[PDB]
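Residue numbers (the authors' numbering), protein chains in the order written: chain A, 165 to 410, 538 to 859, 874 to 884; chain F, 165 to 410, 538 to 655, 671 to 859, 874 to 884; chain E, 183 to 364.
Comments concern the structure below.
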Amino acid sequence: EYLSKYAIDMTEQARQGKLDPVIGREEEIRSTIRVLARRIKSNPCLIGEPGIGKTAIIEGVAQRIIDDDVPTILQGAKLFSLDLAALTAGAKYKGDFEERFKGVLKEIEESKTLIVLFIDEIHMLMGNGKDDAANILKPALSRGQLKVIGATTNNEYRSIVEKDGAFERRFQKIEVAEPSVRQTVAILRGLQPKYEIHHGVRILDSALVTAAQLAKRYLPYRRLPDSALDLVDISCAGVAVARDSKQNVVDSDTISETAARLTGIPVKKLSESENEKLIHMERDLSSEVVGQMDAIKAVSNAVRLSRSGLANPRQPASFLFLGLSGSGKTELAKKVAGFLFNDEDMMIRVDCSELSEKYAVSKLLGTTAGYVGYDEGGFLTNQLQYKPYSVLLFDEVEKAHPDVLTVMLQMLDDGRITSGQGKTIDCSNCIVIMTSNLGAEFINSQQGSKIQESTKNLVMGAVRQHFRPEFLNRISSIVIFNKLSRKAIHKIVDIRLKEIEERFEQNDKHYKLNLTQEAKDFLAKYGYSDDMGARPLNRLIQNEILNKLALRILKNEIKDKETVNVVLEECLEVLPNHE
Amino acid sequence: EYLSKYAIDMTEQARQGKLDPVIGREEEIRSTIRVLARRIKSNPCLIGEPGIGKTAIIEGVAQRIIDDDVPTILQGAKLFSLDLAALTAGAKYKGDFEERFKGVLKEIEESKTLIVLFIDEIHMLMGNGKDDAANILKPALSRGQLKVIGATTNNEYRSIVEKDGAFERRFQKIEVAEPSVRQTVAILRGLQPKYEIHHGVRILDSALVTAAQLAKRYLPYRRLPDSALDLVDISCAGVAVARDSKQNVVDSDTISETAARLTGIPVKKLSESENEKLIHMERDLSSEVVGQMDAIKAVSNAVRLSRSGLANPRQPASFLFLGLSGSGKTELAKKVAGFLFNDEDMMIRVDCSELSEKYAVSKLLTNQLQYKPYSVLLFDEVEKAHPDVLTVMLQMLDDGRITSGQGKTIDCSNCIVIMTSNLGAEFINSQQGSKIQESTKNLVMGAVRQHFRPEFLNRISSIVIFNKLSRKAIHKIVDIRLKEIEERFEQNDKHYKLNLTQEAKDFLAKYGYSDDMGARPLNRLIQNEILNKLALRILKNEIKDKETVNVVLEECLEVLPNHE
Amino acid sequence: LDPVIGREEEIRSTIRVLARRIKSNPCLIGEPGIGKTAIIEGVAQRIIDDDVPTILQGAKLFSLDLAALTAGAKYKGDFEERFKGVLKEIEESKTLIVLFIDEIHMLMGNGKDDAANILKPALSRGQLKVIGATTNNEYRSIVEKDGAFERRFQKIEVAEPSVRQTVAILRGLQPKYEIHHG
Ligand SMILES: Nc1ncnc2c1ncn2[C@@H]1O[C@H](COP(=O)(O)OP(=O)(O)OP(O)(O)=S)[C@@H](O)[C@H]1O
Ligand SMILES: Nc1ncnc2c1ncn2[C@@H]1O[C@H](COP(=O)(O)OP(=O)(O)OP(O)(O)=S)[C@@H](O)[C@H]1O
Ligand SMILES: Nc1ncnc2c1ncn2[C@@H]1O[C@H](COP(=O)(O)OP(=O)(O)OP(O)(O)=S)[C@@H](O)[C@H]1O
Ligand SMILES: Nc1ncnc2c1ncn2[C@@H]1O[C@H](COP(=O)(O)OP(=O)(O)OP(O)(O)=S)[C@@H](O)[C@H]1O
Ligand SMILES: Nc1ncnc2c1ncn2[C@@H]1O[C@H](COP(=O)(O)OP(=O)(O)OP(O)(O)=S)[C@@H](O)[C@H]1O
């Protein structure tokens with residue numbers, strides 16, 4: 165009775181009502197059955213990603229058996245899901261595994277009606293060229309009943325075929341696609357009463373919907389039927405636990548809180564409508580960055596067109612970050628990544644100074660099958676492949692060899708980008724920011740904080756002259772970045788100093804600073820320039836403040852409630882008297 | 165009732181007050197409960213690293229069961245731990261624990277309230293495998309029975325799911341955090357009277373505090389619930405032992548001395564001079580490696596910021612050193628280990644220049675960090691390292707989180723990481739005077755960025771560029787090498803003096819020190835004109851001991881009266 | 183037994199571990215040829231010299247053979263009859279008896295099974311304190327083969343002595359060589 169130890173009797177579970185209802189797989193079920201109905205090599209295989217409901221297909225078939233919706237020869241069939249891990253774990257000895265596996269094969273061959281197996285990843289039986297995978301579902305499989313329903317990740321299917329041949333002759337492919345968000349919801353709806361019964365809760369129909377939507381957007385590593393169900397089952401658990409600790540599985544709140552825990556994203560104010568309207572990109576970016584904030588509005592306009600659904604779905608929003616050096620080029624770009632995609636980590640930096648004709652494109656997209664390195668994607672596709680909500684920020688684009696720019700422009704128009712290995716990535720949901728300081732030299736004329744037309748058309752003039760015009764025509768907008776007012780520097784300094792307080796995670800220590808005018812002016816004066824940005828402010832704080840503090844901490848000259856010493874250079878004051 | 169011998173009613177033990185309160189750990193416990201409440205992937209597993217506090221979590225769970233702070237679906241459930249030891253210890257012959265084990269599960273499955281089992285050693289599924297790889301969990305779970313709370317460390321968990329994907333459908337990966345030292349102290353305070361009773365030694369509250377501080381400082385790869393408690397139990401044993409030999540209290544410094552003697556490293560002997568030398572690290576180092584004032588400054592600042600707790604907390608002192616050969620790139624790395632941990636050996640070599648992921652994964671991810679947790683890691687030619695190496699380095703740079711073994715994290719933010727590259731040599735070799743000059747240094751960063759993404763450059767505490775090792779430095783270096791040569795003489799008879807030491811120095815700097823090889827030529831010239839000639843005079847029995855060296859032009877060894 | 187030289191702390195710590203409650207059961211772990219047996223020999227001498235804490239003052243230390251099991255399996259289960267005999271006797275009444283196991287990896291048996299009750303119920307209760315020792319590499323083998331031993335035994339890494347310390351050792355043993363060799 166080896167099947168009683170190594171396999172799950174799916175048929176009896178079906179009979180007992182222990183299997184989930186199956187939604188959206190009728191044809192996969194029919195196909196699985198169709199193959200099983202065959203006389204010879206009746207061995208279908210469910211090929212596709214883990215988490216897409218492949219078990220559901222099997223469970224579906226098991227139910228068909230129970231309800232007698234099965235072809236004659238299969239009506240009396242019993243299904244067993246064979247656990248290959250259980251069979252091999254702890255095997256050690258020469259023929260330990262071999263005996264167990266043969267054991268279940270014999271039980272199948274030995275009279276007890278038709279038994280069909282479900283294999284927990286058929287590719288695991290590749291072996292070291294068979295040999296070690298012996299007779300494990302080999303030739304008997306082709307004729308002597310022993311019908312097997314296999315399953316595998318498609319990539320591994322390919323490997324078992326290429327490294328075996330006979331396997332291909334023995335199995336029939338059935339490909340299984342991942343459900344769409346809507347279909348996912350249909351699945352969730354079919355299963356809704358099972359969750360309500362198990363948890364003892366009420367599930368809003370809309371909860372099922374928002375779970376599926378969040379599943380796609382924030383937990384992409386999982387398949388939709390996997391993720392959405394986890395969101396539902398977890399929220400329901402959440403409600404049951406919290407409720408009972410001292538039933539409304541709310542579509543907004545319980546789904547969001549669960550997602551927050553699973554995604555590492557606070558349950559923010561960022562409802563889709565706020566994001567679509569970008570109300571807060573203006574408000575938050577206005578707070579996060581300084582200078583002429585109307586540049587934000589220009590960006591927001593492009594974004595809203597894509598958010599409205601009116602934009603061509605294949606044309607990612609993009610703009611040219613054209614302007615003054617020192618203006619927080621990457622600060623803004625990171626902050627818009629921050630707000631727009633709800634994470635600064637979405638930013639990808641691409642260095643376009645490193646782009647000679649001979650290799651430029653391959654450096655960004657990766658070299659091809661054969662040449663030095665297969666680290667496909669270099670800078671672009673190897674990040675885009677994981678972060679579809681990323682931002683591509685390109686430094687010094689004006690120096691890029693034109694072929695790169697051509698690839699980039701194609702990446703914007705019907706914006707599917709393919710790596711050097713032929714891996715299509717697709718940039719449709721990405722925001723692209725090309726950047727250039729080409730015109731910074733005109734802005735540097737210092738004609739007030741706001742760029743006047745008298746320089747604006749020199750800044751953009753140079754760009755229009757420099758790039759062949761389609762460069763600009765294929766970009767949603769060109770946004771011009773203005774000069775900081777002295778007050779802008781003061782705000783940056785205040786922000787940075789606050790960052791230092793946070794730097795001190797060990798918040799037993801912090802600054803009071805004092806000299807909030809004199810030290811602030813020392814610092815701000817040293818950083819108030821178009822060719823500086825905060826680079827010197829950062830350096831002064833790292834050195835004149837923190838390295839000097841380290842000396843004072845080490846000498847017990849400073850303990851906490853820390854203050855600054857300015858002679859105008875800068876160091877910190879002694880608080881405890883050399884203790 | 166096999167369970168009367170093999171199932172421990174953790175719930176009842178909590179009811180009777182047999183289990184300890186646990187530091188606010190409840191937040192994680194609530195996630196355990198939520199998982200048990202689930203329909204799908206209903207078996208949580210407590211996953212972490214030694215000192216995880218796994219049992220403590222379970223004890224907390226048991227207390228919640230007593231409070232019945234659970235969902236209706238889990239309500240009234242009892243938590244029973246399995247006596248895996250007795251079940252298998254009594255396995256006189258094949259089939260004995262197998263039937264007892266299954267017996268217990270079958271009894272657990274019926275009548276005696278809903279039961280969730282706690283299964284420590286969950287990796288046993290891959291050990292007591294074969295039939296048991298299923299019997300232990302699967303058939304029961306296939307009936308909706310036997311919900312369990314499993315537990316193990318990251319190494320095991322990963323191997324379980326890698327070997328058996330069933331666990332990704334049957335279990336939830338409940339990661340467990342290291343507690344705050346404040347929580348650790350709370351643990352220690354709760355245990356304080358137990359320790360007093362155990363040893364007859366009172367523990368000073370500030371001793372409980374320092375144990376947490378010390379443990380985190382010297383054992384980055386062990387969690388506080390293990391290591392801080394060891395410091396207290398060791399120190400208490402220490403005091404008891406001292407008293408057994410000849538108030539009976541553990542002081543903070545008792546524990547400090549324990550840590551020092553326990554590890555051989557004076558973890559808390561932060562004498563004023565420990566901090567003052569840091570103030571003077573740039574000064575002291577300039578006599579250990581010569582000059583290179585800008586490089587030793589970069590190091591000193593990073594170390595001073597790390598030691599003082601000012602460096603971004605997620606940034607171990609860490610450097611990428613650029614320079615020409617003979618610059619002292621290696622020597623500084625060693626002198627930093629010398630200076631900071633009182634031993635130049637407090638470093639770990641990694642052959643980055645020879646890495647490829649297929650093997651780098653085992654060649655790098672090893673146990674050296676378990677023996678020298680404060681070391682200066684020496685990664686040679688990281689520039690040509692496989693991206694896998696570099697990727698793990700990003701994990702390392704982010705608070706020392708080096709992945710090791712089967713998934714064990716080091717967290718050595720108290721270690722120093724030194725990486726080397728010659729990438730910047732492209733412009734360092736401009737040799738524009740002495741100190742790296744304007745333009746050259748910018749070009750160097752341009753060179754650095756050829757292989758070092760912002761991913762590294764904005765995590766490393768400093769990219770450090772060595773200067774042309776100048777003639778001024780050479781005069782001081784010569785003094786060091788001449789000293790070294792005497793030190794080198796393991797055979798005591800080879801004792802010498804340098805006549806005209808200054809002229810020897812002149813020759814070493816003048817006909818030795820190539821501008822392009824740093825101090826290399828000093829080592830070579832001494833050998834070329836001094837040691838070579840000595841070897842002959844030694845073999846010719848001209849020189850025995852207290853020999854001296856002269857200078858002509874051509875170094876001139878003296879000749880002693882015939883060898884004695 | 184040669185008069186252990188220089189291992190002052192190692193002995194103190196070995197004993198302190200016996201004095202500890204948590205993982206109160208030390209093993210000397212390290213490179214082969216550094217004196218780990220010498221340290222335990224040192225413990226025996228220190229007990230004899232009455233330079234030890236009262237908890238092991240007058241204690242008796244024994245080195246247990248393979249023969250505890252390898253006396254002969256003739257009679258399946260005799261391995262346990264003998265090992266249990268010994269474990270009981272060691273715990274049995276006669277002041278503190280301390281067990282020395284040289285190359286503790288032998289206790290692993292052929293992958294558990296044969297290991298039977300070797301120190302299983304003993305370690306489980308903090309009884310029969312054992313001072314063990316093994317090659318660092320074997321230590322790692324034990325951690326994988328048994329696991330429980332790592333959770334019960336205290337790991338004490340023992341370092342190689344310096345050249346100067348080595349000279350002190352040689353000096354201390356010098357008369358044994360001079361006498362033996364003439
Ligand atoms: N279409 C569906 N009908 C019924 N149940 C579903 C459906 N999709 C998902 N589920 C449930 O959600 C899970 C999806 O799991 P699957 O993708 O079948 O797991 P799997 O097929 O074993 O892949 P792995 O390798 O075990 S993740 C199942 O365990 C079902 O409980
Ligand atoms: N307009 C701004 N808003 C917010 N922060 C700014 C702004 N301008 C400069 N900064 C600061 O300057 C730093 C960001 O500089 P980056 O954008 O990387 O460099 P840059 O300012 O674009 O020009 P370069 O080429 O580095 S001089 C951050 O530390 C910001 O705090
Ligand atoms: N946070 C805590 N609060 C109260 N008691 C604790 C706490 N942490 C640990 N303890 C006590 O110390 C022990 C916890 O040890 P375990 O969790 O079994 O060891 P561990 O943390 O699992 O290390 P591993 O992984 O088994 S080597 C228990 O005996 C608890 O009573
Ligand atoms: N600043 C210095 N002070 C004293 N000795 C030095 C100094 N710089 C170099 N040396 C000598 O240079 C020798 C070896 O130099 P290293 O620093 O190893 O060469 P390097 O610069 O590290 O090049 P790599 O990449 O490590 S071969 C040492 O053994 C010292 O004798
Ligand atoms: N510190 C010491 N004092 C006295 N004798 C020592 C010392 N260190 C080593 N020895 C002698 O040198 C040998 C080292 O023996 P051991 O301690 O067994 O070696 P080990 O470290 O046990 O490696 P194994 O496992 O026994 S091969 C012994 O024969 C000791 O007599």
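Note that CB positions come from ideal geometry on N, CA and C, so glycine has one too.
In the structure shown, the three-state DSSP call for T715 of chain F is strand. Short note on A779 of chain F: C-beta closer than 7 Å to some heavy atom of ligand 4. Neighbourhood of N292 of chain F in chain A, by CB distance below 9 Å: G254, in chain order. The stretch 253-262 of chain F and the stretch 551-559 of chain A do not touch, with fewer than 3 CB-CB distances between them shorter than 8 Å.
Comparing C-alpha distances from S647 of chain A to each of A:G668, A:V688, A:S681 and A:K714 shows the shortest one belongs to A:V688. Residue side-chain check: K850 of chain A keeps its Cβ at 7 Å or more from all non-hydrogen atoms of ligand 3. Linking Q538 of chain A to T549 of chain A through their CA atoms gives a straight-line distance of about 15 Å.
With respect to the 8 Å criterion, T854 of chain F and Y802 of chain F are classified as neighbours on the basis of their beta carbons.
Here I361 of chain F is not near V396 of chain F, since their CB atoms are 8 Å or more apart. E342 of chain F is bridged by DSSP to nothing; it lacks a bridge partner.
The stretch 262-269 of chain E and the stretch 291-311 of chain E touch, with no fewer than 3 CB-CB distances between them shorter than 8 Å. Of all alpha-carbon atoms in A:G739, A:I734 and A:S740, the one lying nearest the alpha-carbon of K747 of chain A is that of A:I734.
Within the stretch 682-710 of chain A, the complete beta strand (DSSP E) runs of at least 3 residues fall at 682-686.
Looking only at A:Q583, A:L167, A:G224 and A:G254, the smallest Cα-Cα distance to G739 of chain A is reached by A:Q583. Boundaries of the beta strand (DSSP E) around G314 of chain E: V312 to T317. Secondary structure remark: continuous alpha helix (DSSP H) runs of at least 4 residues inside the stretch 557-590 of chain F, in chain order: 563-570 and 572-576.
A direct Cα-Cα distance of roughly 9 Å separates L840 of chain F from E848 of chain F. The count of Cβ pairs closer than 8 Å, one atom from the stretch 560-567 of chain F and one from the stretch 748-755 of chain F, stays below three, leaving the stretches out of contact.
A220 of chain F has its CB nearer than 7 Å to a heavy atom of ligand 3. Non-local C-beta neighbours of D542 of chain F in its own chain, meaning closer than 7 Å and more than five positions away in sequence, comprise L368 and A371, ordered along the chain. Under DSSP, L828 of chain A shares a beta bridge with no residue.
Inter-residue distance for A551 of chain A and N319 of chain A is about 32 Å (C-alpha atoms, whole angstroms).
Under the three-state reduction of DSSP output, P208 of chain A falls in the strand class. Across the structure, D821 of chain F and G669 of chain A are spaced so that their CA atoms are roughly 38 Å apart.
The beta carbons of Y170 of chain F and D247 of chain F sit closer together than 8 Å. In this chain, the alpha helix (DSSP H) harbouring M174 of chain F covers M174 to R179. Apart from the 5 residues on each side of it in sequence, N805 of chain A sits with its Cβ closer than 7 Å to the Cβ of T854 and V855 in its chain, given in chain order.
Along the stretch 347-376 of chain F, the positions whose C-beta sits under 8 Å from a C-beta of chain E are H362 and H363, read in chain order. When C-alpha distances from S578 of chain F are compared across F:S391, F:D785, F:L281 and F:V695, the shortest belongs to F:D785. The way I'd put it, the stretch 788-798 of chain F doesn't touch the stretch 770-777 of chain F; fewer than three beta-carbon pairs between them come closer than 8 Å. With a cut-off of 8 Å on Cβ pairs, the stretch 219-238 of chain F is in contact with the stretch 180-199 of chain F, counting three or more such pairs. Between ligand 3 and the CB of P389 of chain F, the shortest heavy atom gap is smaller than 7 Å. If you compare the alpha carbons of F:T697, F:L675 and F:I351 with that of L183 of chain F, the shortest gap goes to F:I351.
Nearest to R179 of chain F by alpha-carbon distance, out of F:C718, F:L243, F:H781 and F:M638, is F:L243.
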